[PDB]
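Chemist: I am attaching a structure below and will ask some questions about it afterwards.
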Amino acid sequence: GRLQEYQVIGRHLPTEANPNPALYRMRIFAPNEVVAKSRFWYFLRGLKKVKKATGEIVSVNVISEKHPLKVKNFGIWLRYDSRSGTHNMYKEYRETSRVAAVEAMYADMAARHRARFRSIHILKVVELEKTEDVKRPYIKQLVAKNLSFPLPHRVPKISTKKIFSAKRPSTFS
Amino acid sequence: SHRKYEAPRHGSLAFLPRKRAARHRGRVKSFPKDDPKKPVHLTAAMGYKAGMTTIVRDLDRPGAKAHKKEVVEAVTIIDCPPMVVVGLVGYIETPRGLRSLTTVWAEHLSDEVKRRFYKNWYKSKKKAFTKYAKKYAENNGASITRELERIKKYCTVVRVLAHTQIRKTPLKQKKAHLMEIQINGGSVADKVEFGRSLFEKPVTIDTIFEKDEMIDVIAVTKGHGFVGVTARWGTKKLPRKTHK
Amino acid sequence: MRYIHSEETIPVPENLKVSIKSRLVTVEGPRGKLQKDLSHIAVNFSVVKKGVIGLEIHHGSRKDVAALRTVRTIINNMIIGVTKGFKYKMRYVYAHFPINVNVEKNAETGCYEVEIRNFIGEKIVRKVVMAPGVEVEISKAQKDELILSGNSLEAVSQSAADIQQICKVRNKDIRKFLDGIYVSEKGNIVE
Amino acid sequence: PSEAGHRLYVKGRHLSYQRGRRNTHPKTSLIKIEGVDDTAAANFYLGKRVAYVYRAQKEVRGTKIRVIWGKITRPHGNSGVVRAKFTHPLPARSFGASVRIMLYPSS
Amino acid sequence: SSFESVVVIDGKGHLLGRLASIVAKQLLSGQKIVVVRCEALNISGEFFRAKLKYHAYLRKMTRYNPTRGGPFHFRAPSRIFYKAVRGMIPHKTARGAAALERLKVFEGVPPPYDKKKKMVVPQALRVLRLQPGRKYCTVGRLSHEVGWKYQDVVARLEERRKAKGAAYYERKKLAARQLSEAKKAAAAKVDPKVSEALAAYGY
Amino acid sequence: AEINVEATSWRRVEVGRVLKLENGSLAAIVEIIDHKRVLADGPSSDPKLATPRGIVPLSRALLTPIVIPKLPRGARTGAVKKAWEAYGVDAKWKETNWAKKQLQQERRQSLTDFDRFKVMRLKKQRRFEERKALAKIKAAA
RNA sequence: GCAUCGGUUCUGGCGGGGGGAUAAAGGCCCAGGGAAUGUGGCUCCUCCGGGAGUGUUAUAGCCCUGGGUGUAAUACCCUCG
RNA sequence: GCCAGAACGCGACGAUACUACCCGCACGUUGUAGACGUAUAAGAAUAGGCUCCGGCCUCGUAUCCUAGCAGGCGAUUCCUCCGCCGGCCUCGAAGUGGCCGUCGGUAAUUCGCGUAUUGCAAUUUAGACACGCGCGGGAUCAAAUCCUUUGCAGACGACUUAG
Ligand SMILES: [Mg+2]
Ligand SMILES: [Mg+2]
Ligand SMILES: [Mg+2]
Ligand SMILES: [Mg+2]
Ligand SMILES: [Mg+2]
Ligand SMILES: [Mg+2]
Ligand SMILES: [Mg+2]
Ligand SMILES: [Mg+2]
Ligand SMILES: [Mg+2]
Ligand SMILES: [Mg+2]
Ligand SMILES: [Mg+2]
Ligand SMILES: [Mg+2]
Ligand SMILES: [Mg+2]
Ligand SMILES: [Mg+2]
Ligand SMILES: [Mg+2]
Ligand SMILES: [Mg+2]
C-alpha cells in the first residue's frame with residue numbers, strides 16, 4: 001500500500017530478579033503504527049523470547065526523508081518464500097525517497113515472482129553513495145553522459161465522453 | 001454398437017432435392033467464359049427430340065484392340081427447325097450480382113410468340129404489343145436508338161432473345177418457346193451491332209454448331225408418379241417371411 | 001529491460017543514388033534500379049554525415065532490436081548488388097546416366113526458362129521459369145558449368161534454389177544416389 | 001425576416017428505469033442530459049423540471065397532445081446521467097424517447 | 001455528447017468488437033447508425049488464427065436437418081459485422097428488434113451515402129491501441145478465403161468514385177482562392193474599428 | 001552522392017527543456033529519473049505560470065520548442081531562476097502560437113449575453129462587405 | 001405555484017485552533033571539509049561534428065556538517081464555527 | 001462444374017375496363033420506436049503529413065447560418081442572400097447534380113406608428129413521410145377462374161396443350 005518509516009522501541013516487563021531490562025530498536029515499513037506494532041512483535045518473536053503479553057512498547061516515531069528532492073540509487077536485501085523453499089536476492093532502484101523503493105520493490109516482486117506481502121522479509125536498505133558501485137545493467141544505462149531520448153508514437157488524450165471525432169487524430173505531440 | 005460389415009450409402013446426396021422442375025423448359029445455369037479475341041458467335045440452341053437409331057462406323061484409335069475395325073453404336077436424332085431473333089437484353093454488374101436494365105424488341109411479332117403471353121388466347125383481344133409498336137416511326141425511333149446507346153454505354157454482357165418455329169413440326173402445340181443466348185465477341189459495340197442486325201431474321205443451326213464438336217445437353221427427365229424406396233434409391237429387399 | 005538507444009551506420013560510395021520515402025527504399029546506380037518496402041518495421045532513418053546513413057530504434061525490446069541489423073545488411077547487400085551484381089555457379093553430377101539441359105532464350109518476355117531432360121535416365125521433361133532480371137548461361141570457359149547472374153541476391157538465390165529443389169530422387173537411398181544439381185560458389189560479376 | 005428558431009429548453013433522452021441486474025423499480029427514471037459529462041456540470045440541473053410530451057388520438061379540451069410532468073432528483077453515476085421522479089411512471093414503451101428540460105426554478 | 005438525425009461511420013481502421021460495442025450502445029440509446037466500407041476493418045492477431053476460428057464456426061450445423069434451425073454462416077464482411085453487433089443486443093425482444101431496425105450496413109460507399117460527411121470513432125482506431133510490430137488481418141481477405149465472390153467488383157468500382165472525389169477536391173481548392181484573397185482585400189480597406197473590436201472580443 | 005531523407009524528428013528531452021502542464025503551467029527539466037518521470041520546476045514572477053519543485057510524470061506533459069542553453073544538471077532553484085531570467089523564458093513564450101491560441105480560447109468563455117449580441121451584429125457588418133468583394137472577384141474570374 | 005418553518009438526508013464554499021525533529025524540505029546569509037557523469041582554462045588529435053588527457057570555481061555548478069533569519073510557510077491527523 | 005431457389009430477397013418488359021391511372025391544391029377524420037438550425041463529401045500515412053510555396057499541424061473549445069406581431073404597416077437606404085418554375089448538360093452500385101433566364105421575398109445604416117387584458121407558470125397544438133376524401137384537366141376501353149379437351153403429367157390438387 002502507501003507506506004512510511006517508523007521506529008519502535010520494546011521492552012520485557014521488569015521483574016524483581018532482573019530490573020531494568022535491555023532495549024531493542026528496529027526500522028519497520030508499515031502504513032500505520034497499529035500494524036507497525038504488530039510487525040515489531042512478529043519480528044521480535046523470531047529473535048528473542050519476548051511476547052506481547054510479556055512485553056511492552058516504549059515509543060513509536062516517524063522517520064522522514066532528509067532530502068526528498070534529490071535523486072539517488074538504492075539497494076535492497078531481502079528474503080522471500082517460493083512455491084518450494086526460500087531464497088535470497090539483491091535488487092536496486094533509482095528514485096528520490098527511501099519509502100518509494102519499498103513500495104516499488106513490493107510491486108516488482110509481486111509482479112515478476114508472484115510473491116505476496118505475507119512472505120517478504122527486508123534485510124537492509126542502503127543508498128549507494130558512489131556511481132561505480134552500481135551492479136545491475138538496468139540502472140547503469142540511466143546514468144550515461146548526455147542522456148536524452150525521443151517519445152515516438154504517444155497517443156494524445158481525448159475526452160472519454162466525446163465520441164465521434166470529426167477528423168483523424170495524430171500521434172506527433 | 002458398430003456396424004458389422006461396412007458398405008457405402010445408397011444413392012447420392014449431390015442431387016439431393018429430387019423434385020419436379022419449377023418450369024417445364026429446361027434451364028441453363030452457366031455459359032462459357034467470354035473471350036474478346038474471337039469473332040461474335042452464338043453459344044446455344046434448342047430443339048425437339050425425334051428418336052434413336054443405330055449406326056456402323058470404323059474406328060481410328062491407335063493401340064486399341066478394335067483398331068481399324070467396324071463398330072456398332074447407338075445415336076439420337078434432334079429436330080432443329082430454324083430460329084427467329086426477336087430482341088436483345090443487356091446486363092450490368094453490381095456488388096449483389098448481375099441485373100438487367102433494358103430490353104428492346106422488333107417491330108413485328110409472330111402469332112407464335114404472341115400466343116406465349118396469354119393463357120386463354122382464343123377469347124382474348126390480342127393487344128400484346130399494340131402500344132409498343134407505335135413508338136417506331138416517331139422521331140425516327142429516337143427512344144430506341146437512345147436505349148441502344150445506353151446498352152452500348154453501361155452494359156458488360158449482352159444476350160439475345162430468340163424463339164422457335166413450332167409451325168414447322170408435327171406437334172399439336174401452337175405456342176412457341178423463347179430464350180436468350182449471350183453473344184461472345186470482341187467488344188460490346190460489336191456484340192450489340194451484330195445482335196441488332198439479326199432482328200426478325202432466321203438463323204440455321206449449322207452456323208452455330210459444326211461437325212465432330214463436343215457439346216452439352218440440358219433437359220428434363222421422364223417422370224414417374226409415386227414410388228417406394230426399393231425403386232427410388234435401390235435398397236435390398238427383406239426376406240420373404242416378413243410381416244407388414 | 002528496454003534499450004534506450006541502439007544505432008548503426010552504413011557508408012555509401014560516390015557512385016550511386018538512394019532515396020527513402022514512407023519506409024520505401026529506392027536504390028539506383030550504374031547497373032539499374034531496385035525497390036523495397038520496409039513498412040512492417042518501426043525504424044527511424046536519418047543522414048549522419050555527407051556519405052553515411054544512420055538508422056535507429058527507440059525504447060525497443062531485445063527481440064525488437066534484434067531485427068535492426070537485418071535491414072542494415074539487406075540495404076548493404078542491395079548497395080553492393082546495384083554496383084557489382086551477383087553471380088552463382090552450379091555443377092552437374094552424374095555417375096552413369098548423363099543429364100542434359102537446355103536453357104532456351106527469352107520466351108516473348110524477360111523471363112528465361114530452363115528445360116531438364118534425362119535426369120537419372122528419366123524421360124520426364126521438367127520446366128522451370130526464372131525470375132525476371134536474372135540471366136542464365138552455359139559456360140564456355142570449361143566443361144560442366146551453369147552460370148547464373150543478376151542484380152538482386154534474393155532473386156538469384158531463390159532461382160538457384162528452384163533449380164536445386166527440382167532435381168530430387170524418390171524411393172531410393174540418397175546416401176548412395178548422389179544425383180542432382182548443386183551450387184558450389186557465390187560471388188560478384190566484377191572481380 | 002426573423003427566420004431564427006424558438007427554443008428555451010434543453011433536450012434529453014429517456015434511458016431506463018432504476019434497476020439492479022434482474023429487478024426494476026418504475027418509481028424513478030433515468031435521463032441523459034445533452035452536453036453534461038461530469039457530476040460537477042450535472043449539479044446545475046438539480047431541482048429543475050422535466051416534461052414528456054406525446055400525441056393521443058381523441059380531442060378532449062382543445063388539444064390532442066398530452067404531457068407528463070416531473071422533476072430531477074439527484075445525479076447518477078460518474079457519466080452525467082440523472083434521476084427523475086414523475087407524477088406517473090413512464091409508459092415503458094419510451095425507452096429511447098426524448099424529454100424536455102425546462103429552466104423554471106432558476107438560481 | 002450530441003444528438004444527430006443520422007450518423008455515418010467510415011469503417012476503415014476500427015477494431016470489430018470495439019466498434020460493435022459502441023454501435024450497440026448508441027443503437028440502444030436512440031441514435032441511427034450507417035457504417036460504410038466494411039471491407040477495411042481489422043482484427044487483432046495473425047490471419048491463421050482468424051481462419052481457424054471461422055472454420056470452427058463453420059463446423060457447427062444441425063444434425064437432423066440442415067435447412068432449419070441451424071446456424072447460417074453468412075460470408076460477407078458486412079454480415080460478419082452484423083453478427084458481431086447482433087451478439088451484443090437482446091434481439092429476441094421487441095425492443096431489440098426496434099433497435100436493430102435503426103441500423104444499415106454496406107460494402108463500399110453506395111450512391112445514397114456518398115456526397116456526405118463520414119464520421120470517425122476514436123475509441124477503436126488500430127494505430128492508437130495496437131503495439132507496432134504486432135500482427136493483424138483484414139476482414140475482406142478473411143471473407144475471400146471463405147467464399148466471398150464480389151471482391152474484385154467493389155475494388156474496381158472504388159477508384160471511379162475516388163477519381164470523382166479528386167475532381168471535387170480540385171474544384172474545392174479553386175473555390176478557396178477567392179475567399180482567401182477576399183478576406184485580405186476586404187478587411188484592410190473598409191472597417192475602421194470593427195477589426196480591433198472583434199479582436200478584443202476574440203473574433 | 002547527395003542523399004535526401006524526409007523522416008520524422010521529435011523534440012529532444014534534455015536538461016533545460018520546458019514542459020507545459022495541463023493547468024497552464026511551465027516547468028524546466030533539471031533531472032531525469034526514468035523514461036516515465038522527470039524532476040522539474042519553473043520559477044516565474046507571474047503566478048499563473050509558476051509551479052513548485054517536484055516530480056512530474058512524462059504522460060502529463062507537452063514538449064515546447066523552448067530550450068534553456070547550458071543549464072547545469074541538478075541545479076538549485078536560485079540557479080534555475082537566474083538562467084530563467086537571463087534567457088527570458090517568460091517573454092519568449094508569449095509570442096508562441098500555443099500561448100496566443102490558448103489566450104484566444106480563454107477570452108471566449110467569458111462573454112456576456114449583450115457582448116454575444118454585439119459580436120453577432122459586428123460579424124454581420126463585416127460579412128456584408130466581405131460578400132461584395134467575393135462577388136467582384138468571382139464575376140471577373 | 002411561491003414565501004416563511006419543523007423532521008430525515010445528500011452535496012458545495014469560507015474563517016480559525018492543536019500536535020510531529022514545536023513537521024521534514026525549501027529561499028537568503030555565515031563558518032568548515034570534499035568529490036566527478038570535472039565549469040572555465042592548458043595540452044594533443046580531428047575541421048568533420050568534436051573527442052582524449054591534466055586539474056577543484058575561475059566566465060557553470062554539486063555534495064556533507066553546524067548556526068541565524070523561526071514560535072517561518074506548507075503536507076498529514078485532530079478540532080471550534 | 002452440378003441440384004433446390006428466401007412461398008415476408010431483388011431486377012427488366014407486355015397489357016391494365018371499374019374516376020382502376022397521372023397532374024394541380026383544398027381540407028382532415030387517421031397512422032409513425034419519437035423534428036424543434038434534425039446545417040458541414042477528398043484520398044492516404046501515423047518512426048509523418050497539409051500548402052496559398054510564404055508557411056502550417058496535440059485540440060470540431062471549429063466553420064456557416066443566427067435581430068423584426070410564431071415576426072405587422074411605411075420611409076431614408078442597399079445589389080447581397082433565399083424560394084418556386086422553364087430550358088440545356090450530366091448522373092446506372094439502390095442513377096443525381098450543375099449552368100442560364102423570368103418571377104416573388106429580402107436591417108448592410110438610421111427612423112415613425114401598432115403589441116397591454118393569455119391578468120404571477122400550465123406543450124411553444126407549427127416539421128415530413130405515407131393513407132383516406134373533394135374538386136377540374138388528361139389518357140385508356142383489359143384479363144383470370146369455373147367448363148369441355150389433351151397425356152410429354154398424375155393418389156386427389158398441381159403440370160404440358162387445344163377451344
Ligand atoms: Mg452395432
Ligand atoms: Mg405415368
Ligand atoms: Mg437396381
Ligand atoms: Mg410371421
Ligand atoms: Mg527399397
Ligand atoms: Mg425456413
Ligand atoms: Mg429544512
Ligand atoms: Mg495549522
Ligand atoms: Mg578540461
Ligand atoms: Mg544546512
Ligand atoms: Mg519552526
Ligand atoms: Mg512553525
Ligand atoms: Mg421466390
Ligand atoms: Mg372504383
Ligand atoms: Mg368507382
Ligand atoms: Mg428581385
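In the C-alpha cells, the first chain shown is A, the next is B, and so on; residue numbers restart at 1 for each chain, and ligands run from 1 in the order shown.
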Please provide as a list in words all residues within 12 Å of residue 9 (chain A), with the sequence filter that same-chain residues fewer than 5 positions apart are discarded (counting only C-alpha atoms (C1' of nucleotides)).
Modeler: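 My reading of the contact set: residues 22, 23, 24, 25, 26, 27, 28, 36, 37, 40, 41, 44, 55, 56, 57, 58, 59, 60 and 61 of chain A.
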Chemist: Write the residues of the preceding selection, restricted to N, CA and C atoms, as a PDB file, in the first residue's frame.
Modeler:
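Full text of part-v1.pdb as output:
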```pdb
ATOM      1  N   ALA A  22      16.923  -4.877  28.815  1.00  0.00           N
ATOM      2  CA  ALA A  22      17.523  -4.251  27.648  1.00  0.00           C
ATOM      3  C   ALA A  22      16.453  -3.649  26.739  1.00  0.00           C
ATOM      4  N   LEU A  23      16.904  -2.807  25.811  1.00  0.00           N
ATOM      5  CA  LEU A  23      16.036  -2.120  24.864  1.00  0.00           C
ATOM      6  C   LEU A  23      16.437  -2.482  23.441  1.00  0.00           C
ATOM      7  N   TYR A  24      15.439  -2.755  22.602  1.00  0.00           N
ATOM      8  CA  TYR A  24      15.660  -3.168  21.224  1.00  0.00           C
ATOM      9  C   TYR A  24      14.972  -2.192  20.280  1.00  0.00           C
ATOM     10  N   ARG A  25      15.649  -1.858  19.181  1.00  0.00           N
ATOM     11  CA  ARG A  25      15.132  -0.907  18.206  1.00  0.00           C
ATOM     12  C   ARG A  25      15.261  -1.480  16.802  1.00  0.00           C
ATOM     13  N   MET A  26      14.212  -1.311  15.998  1.00  0.00           N
ATOM     14  CA  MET A  26      14.239  -1.738  14.605  1.00  0.00           C
ATOM     15  C   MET A  26      13.518  -0.713  13.742  1.00  0.00           C
ATOM     16  N   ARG A  27      13.743  -0.812  12.434  1.00  0.00           N
ATOM     17  CA  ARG A  27      13.080   0.030  11.447  1.00  0.00           C
ATOM     18  C   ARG A  27      12.089  -0.813  10.658  1.00  0.00           C
ATOM     19  N   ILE A  28      10.833  -0.372  10.625  1.00  0.00           N
ATOM     20  CA  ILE A  28       9.736  -1.141  10.053  1.00  0.00           C
ATOM     21  C   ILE A  28       8.973  -0.251   9.083  1.00  0.00           C
ATOM     22  N   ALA A  36       2.395  -1.378  12.582  1.00  0.00           N
ATOM     23  CA  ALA A  36       3.819  -1.292  12.884  1.00  0.00           C
ATOM     24  C   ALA A  36       4.141  -2.029  14.178  1.00  0.00           C
ATOM     25  N   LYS A  37       3.279  -1.887  15.189  1.00  0.00           N
ATOM     26  CA  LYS A  37       3.494  -2.625  16.430  1.00  0.00           C
ATOM     27  C   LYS A  37       3.370  -4.126  16.190  1.00  0.00           C
ATOM     28  N   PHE A  40       6.447  -5.340  14.698  1.00  0.00           N
ATOM     29  CA  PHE A  40       7.515  -5.355  15.691  1.00  0.00           C
ATOM     30  C   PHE A  40       7.448  -6.615  16.538  1.00  0.00           C
ATOM     31  N   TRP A  41       6.246  -6.978  16.992  1.00  0.00           N
ATOM     32  CA  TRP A  41       6.125  -8.190  17.795  1.00  0.00           C
ATOM     33  C   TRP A  41       6.362  -9.438  16.956  1.00  0.00           C
ATOM     34  N   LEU A  44      10.206  -9.614  16.526  1.00  0.00           N
ATOM     35  CA  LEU A  44      10.871  -9.877  17.798  1.00  0.00           C
ATOM     36  C   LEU A  44      10.624 -11.302  18.279  1.00  0.00           C
ATOM     37  N   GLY A  55       5.556  -8.286  27.129  1.00  0.00           N
ATOM     38  CA  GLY A  55       6.360  -7.169  26.684  1.00  0.00           C
ATOM     39  C   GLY A  55       5.557  -5.881  26.703  1.00  0.00           C
ATOM     40  N   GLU A  56       6.212  -4.811  26.262  1.00  0.00           N
ATOM     41  CA  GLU A  56       5.561  -3.512  26.192  1.00  0.00           C
ATOM     42  C   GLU A  56       6.287  -2.641  25.179  1.00  0.00           C
ATOM     43  N   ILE A  57       5.572  -1.624  24.702  1.00  0.00           N
ATOM     44  CA  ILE A  57       6.081  -0.677  23.719  1.00  0.00           C
ATOM     45  C   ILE A  57       6.439   0.620  24.431  1.00  0.00           C
ATOM     46  N   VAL A  58       7.669   1.078  24.230  1.00  0.00           N
ATOM     47  CA  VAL A  58       8.174   2.276  24.885  1.00  0.00           C
ATOM     48  C   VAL A  58       7.877   3.519  24.059  1.00  0.00           C
ATOM     49  N   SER A  59       8.167   3.473  22.761  1.00  0.00           N
ATOM     50  CA  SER A  59       7.982   4.643  21.918  1.00  0.00           C
ATOM     51  C   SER A  59       7.865   4.212  20.464  1.00  0.00           C
ATOM     52  N   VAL A  60       7.073   4.973  19.713  1.00  0.00           N
ATOM     53  CA  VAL A  60       6.937   4.817  18.270  1.00  0.00           C
ATOM     54  C   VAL A  60       7.031   6.196  17.631  1.00  0.00           C
ATOM     55  N   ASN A  61       7.880   6.319  16.615  1.00  0.00           N
ATOM     56  CA  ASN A  61       8.137   7.585  15.944  1.00  0.00           C
ATOM     57  C   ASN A  61       8.088   7.374  14.438  1.00  0.00           C
TER      58      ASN A  61
END
```
Chemist: Which protein, DNA or RNA residues have an atom within 12 Å of ligand 9, counting only C-alpha atoms (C1' of nucleotides) and all ligand atoms, as a list in words?
Modeler: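 Residues satisfying the distance criterion: residues 38, 39, 40, 41, 42, 43, 52, 53, 54, 55 and 56 of chain G.
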Chemist: Counting only C-alpha atoms (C1' of nucleotides) and all ligand atoms, name the residues that have an atom within 10 Å of an atom of ligand 10; the answer should be given as a ChimeraX atom specification.
Modeler: /G:64-67
Chemist: Each residue of chain H lying at most 12 Å from ligand 6 should get a row with its shortest atom-to-atom pair and the distance in Å to one decimal, counting only C-alpha atoms (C1' of nucleotides) and all ligand atoms; could you produce that, ordered by chain and increasing number, as JSON lines?
Modeler:
```
{"residue": "H:6", "atom": "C1'", "partner": "ligand 6", "partner_atom_place_in_ligand_line": "1 (Mg)", "distance": 8.0}
{"residue": "H:7", "atom": "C1'", "partner": "ligand 6", "partner_atom_place_in_ligand_line": "1 (Mg)", "distance": 9.9}
{"residue": "H:8", "atom": "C1'", "partner": "ligand 6", "partner_atom_place_in_ligand_line": "1 (Mg)", "distance": 11.5}
```
Chemist: Mind dumping the selected residues with N, CA and C atoms (P, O5', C5', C4', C3', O3' and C1' of nucleotides) as a PDB file, in the first residue's frame?
Modeler:
```pdb
ATOM      1  P     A H   6     -38.179 -19.627 -52.946  1.00  0.00           P
ATOM      2  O5'   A H   6     -37.804 -18.981 -51.540  1.00  0.00           O
ATOM      3  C5'   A H   6     -37.742 -19.761 -50.352  1.00  0.00           C
ATOM      4  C4'   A H   6     -37.312 -18.926 -49.169  1.00  0.00           C
ATOM      5  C3'   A H   6     -38.190 -17.711 -48.884  1.00  0.00           C
ATOM      6  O3'   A H   6     -38.204 -17.450 -47.480  1.00  0.00           O
ATOM      7  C1'   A H   6     -35.997 -16.993 -49.415  1.00  0.00           C
ATOM      8  P     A H   7     -39.364 -18.073 -46.558  1.00  0.00           P
ATOM      9  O5'   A H   7     -40.705 -17.524 -47.216  1.00  0.00           O
ATOM     10  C5'   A H   7     -41.787 -18.397 -47.506  1.00  0.00           C
ATOM     11  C4'   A H   7     -41.881 -18.674 -48.985  1.00  0.00           C
ATOM     12  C3'   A H   7     -42.252 -17.494 -49.866  1.00  0.00           C
ATOM     13  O3'   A H   7     -41.154 -16.638 -50.126  1.00  0.00           O
ATOM     14  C1'   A H   7     -43.506 -19.394 -50.509  1.00  0.00           C
ATOM     15  P     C H   8     -41.403 -15.118 -50.587  1.00  0.00           P
ATOM     16  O5'   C H   8     -40.799 -14.255 -49.393  1.00  0.00           O
ATOM     17  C5'   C H   8     -41.556 -14.005 -48.213  1.00  0.00           C
ATOM     18  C4'   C H   8     -41.274 -12.631 -47.657  1.00  0.00           C
ATOM     19  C3'   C H   8     -40.228 -12.583 -46.545  1.00  0.00           C
ATOM     20  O3'   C H   8     -39.504 -11.358 -46.630  1.00  0.00           O
ATOM     21  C1'   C H   8     -42.281 -11.747 -45.731  1.00  0.00           C
TER      22        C H   8
END
```
Chemist: Would you pick out the contacts of residue 15 (chain H) at 8 Å or less, using only C-alpha atoms (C1' of nucleotides), so that residues sharing its chain but fewer than 6 positions from it are not included, and give the list as a PyMOL selection string?
Modeler: (chain B and resi 127-129) or (chain H and resi 142)
Chemist: Distance cut-off 10 Å, counting only C-alpha atoms (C1' of nucleotides) - which residues of chain C neighbour chain H? Return them as a PyMOL selection string.
Modeler: chain C and resi 22-23+39+41-45+56-58
Chemist: Identify, counting only C-alpha atoms (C1' of nucleotides) and all ligand atoms, the protein, DNA and RNA residues located within 7 Å of ligand 1, and give them as a compact mmCIF listing (two decimals) with N, CA, C and O atoms, in the first residue's frame.
Modeler:
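pocket_17.txt written:
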```txt
# COMPACT_ATOMS: atom_id res chain seq x y z
N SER B 1 -23.90 -50.15 -30.85
CA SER B 1 -22.71 -50.86 -31.31
C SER B 1 -22.43 -50.56 -32.78
O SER B 1 -23.28 -50.04 -33.49
N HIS B 2 -21.21 -50.87 -33.21
CA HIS B 2 -20.78 -50.51 -34.55
C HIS B 2 -21.46 -51.40 -35.59
O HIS B 2 -22.04 -52.44 -35.28
N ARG B 3 -21.38 -50.97 -36.85
CA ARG B 3 -21.90 -51.77 -37.95
C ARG B 3 -21.01 -52.98 -38.19
O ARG B 3 -19.78 -52.90 -38.11
N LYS B 4 -21.65 -54.12 -38.47
CA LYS B 4 -20.90 -55.37 -38.60
C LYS B 4 -20.02 -55.36 -39.84
O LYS B 4 -18.79 -55.46 -39.75
```
Chemist: Set the cut-off to 9 Å, count only C-alpha atoms (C1' of nucleotides) and all ligand atoms, and list whatever residues fall near ligand 5 as a PyMOL selection string.
Modeler: chain C and resi 171-173
Chemist: Within region 56-130 of chain F, find each residue whose DSSP state, derived from the backbone, is helix (DSSP H, G or I), and express the selection as a ChimeraX atom specification.
Modeler: /F:58-60,77-87,89-94,97-109,113-130
Chemist: Please extract the residues at most 10 Å from ligand 2, counting only C-alpha atoms (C1' of nucleotides) and all ligand atoms, and provide them as a VMD selection string, using the chain letters and residue numbers of this document.
Modeler: (chain B and resid 222 to 226) or (chain H and resid 151 153 to 154)
Chemist: Up to 10 Å from chain G, what residues of chain D turn up? Count only C-alpha atoms (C1' of nucleotides) and give them as an MDAnalysis selection string.
Modeler: chainID D and resid 40 43 74
Chemist: Given a cut-off of 7 Å, what residues near ligand 4 show up using only C-alpha atoms (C1' of nucleotides) and all ligand atoms, put as a VMD selection string?
Modeler: chain B and resid 241 to 243
Chemist: Let me see the file: selected residues, N, CA and C atoms, as an mmCIF file, in the first residue's frame.
Modeler:
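again.cif written:
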```
data_model
loop_
_atom_site.group_PDB
_atom_site.id
_atom_site.type_symbol
_atom_site.label_atom_id
_atom_site.label_comp_id
_atom_site.auth_asym_id
_atom_site.auth_seq_id
_atom_site.Cartn_x
_atom_site.Cartn_y
_atom_site.Cartn_z
ATOM 1 N N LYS B 241 -40.508 -63.957 -45.612
ATOM 2 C CA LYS B 241 -41.389 -64.215 -44.479
ATOM 3 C C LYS B 241 -41.580 -62.992 -43.591
ATOM 4 N N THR B 242 -41.408 -61.790 -44.135
ATOM 5 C CA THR B 242 -41.520 -60.575 -43.341
ATOM 6 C C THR B 242 -42.984 -60.160 -43.242
ATOM 7 N N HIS B 243 -43.420 -59.821 -42.032
ATOM 8 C CA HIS B 243 -44.770 -59.320 -41.824
ATOM 9 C C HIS B 243 -44.844 -57.827 -42.125
#
```
Chemist: Env of region 30-35 of chain D: 6 Å cut, atoms = only C-alpha atoms (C1' of nucleotides), seq-sep filter 3 positions within chain, self excluded. Answer as a PyMOL selection string.
Modeler: (chain D and resi 12-17+81-83) or (chain E and resi 1)
Chemist: Those residues with C-alpha atoms, as a PDB file, in the first residue's frame please?
Modeler:
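As a result, result13.pdb now contains:
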```pdb
ATOM      1  CA  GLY D  12     -32.713  14.945 -23.148  1.00  0.00           C
ATOM      2  CA  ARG D  13     -33.294  11.237 -23.600  1.00  0.00           C
ATOM      3  CA  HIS D  14     -35.052   8.599 -21.502  1.00  0.00           C
ATOM      4  CA  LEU D  15     -32.561   5.806 -20.849  1.00  0.00           C
ATOM      5  CA  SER D  16     -34.129   3.264 -18.467  1.00  0.00           C
ATOM      6  CA  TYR D  17     -35.635   2.772 -15.004  1.00  0.00           C
ATOM      7  CA  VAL D  81     -26.921  10.715 -16.128  1.00  0.00           C
ATOM      8  CA  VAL D  82     -29.584  11.962 -13.721  1.00  0.00           C
ATOM      9  CA  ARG D  83     -32.539  10.530 -11.835  1.00  0.00           C
TER      10      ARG D  83
ATOM     11  CA  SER E   1     -22.354  14.028 -26.465  1.00  0.00           C
TER      12      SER E   1
END
```
Chemist: Using only C-alpha atoms and a cut-off of 12 Å, which residues of chain A sit close to chain F? Please list them as an NGL selection string.
Modeler: :A and (67-73 or 93-97 or 138-157 or 171-173)
